[PDB]
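Next up: just one chain, as structure tokens, the form deposited in one PDB entry.
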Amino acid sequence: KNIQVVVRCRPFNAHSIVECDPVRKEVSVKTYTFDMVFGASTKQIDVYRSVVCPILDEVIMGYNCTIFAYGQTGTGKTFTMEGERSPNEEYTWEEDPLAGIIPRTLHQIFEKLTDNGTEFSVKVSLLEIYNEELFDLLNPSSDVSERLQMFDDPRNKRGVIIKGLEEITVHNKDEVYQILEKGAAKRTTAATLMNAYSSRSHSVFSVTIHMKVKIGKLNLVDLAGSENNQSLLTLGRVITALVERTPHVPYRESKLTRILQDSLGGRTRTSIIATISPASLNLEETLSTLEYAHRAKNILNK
């Protein structure tokens, strides 16, 4: 109920081995049923208003939520969470139809919170988990190799502290672009230095809201490629345990699930977007991802 699992299939770029029916909420390659399904034609704005938008209402209530993008490389994970700029500087990013979830989300927050007329405060942070180590993508001064320290939080027994993690204040929607642009530059230095790692790292973006005093928080997680590990294995199980309420959820077995435990249980909503390729050679992988999403929340066909 509070954990939605949706699939989105991307456009190619001819042999189509998949198929998706939105009304019957089914993906056929072999057939699975989900909370929602998006076919190749599907558009960034659609994904946003169906999956993300309801979750952000909750976040604005003072809840803490998380949205994952899961899948292999080439399926639209970075496309879905981040997006691209349309050609010829035709659009502002707030209007760009090719803008992914993170931009739409930050735009939406300033739209909704400005409409409300109340004093509010916005904060973002972005961290990468690579080989069970945590790195801060928004700290301007730190070298790209500095690991962060995290430990359990004496005040919060759902929580941890990530020590020194930069929380950047976004004063207005405009400033958001500079912030994440530097982050992208840093992250491009980290990938060069360490083992061509963009497919191997987990991105945790976090926006936190202070409404003057209720606090919402949303974490937008772009996981490392699901093709073949541990952080992926552990999350399935944390998800499995949260679906059925089998006690002692194994949060402690990965950095990801420890960092997230606070949101992953509490009064919350959690979604994961499983991304798949239509193309011929991806087939083993598509099946893993649907199986994985199937394992996550098990929904029998109709």
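Each residue number is its position in the shown sequence, starting from 1. Heads up, when I say rigid core I mean the largest set of C-alphas that superpose within 1.5 Å between the two forms.
One more form of this protein should be noted, the form deposited in another entry, which is absent from this view; the next part is about it.
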property: Candidates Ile60, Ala40, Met36, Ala241 - which moves between this form and the one not shown, C-alpha at least 2 Å, core fixed; result: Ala241
property: Large Cα move at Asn88 between this form and the one not shown, threshold 2 Å, rigid core; result: yes
property: Shift of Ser271 between this form and the one not shown at or above 2 Å (CA, core fit); result: no
property: Displaced residue check between this form and the one not shown: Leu260, CA, 2 Å or over, core reference; result: yes
property: Change in CA distance between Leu264 and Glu291 in that other deposited form, which is 3 Å or more, as closer or farther; result: closer
property: Cα-Cα trend for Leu290 and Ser263, given that in that other deposited form the distance shifts by 3 Å or more; result: closer
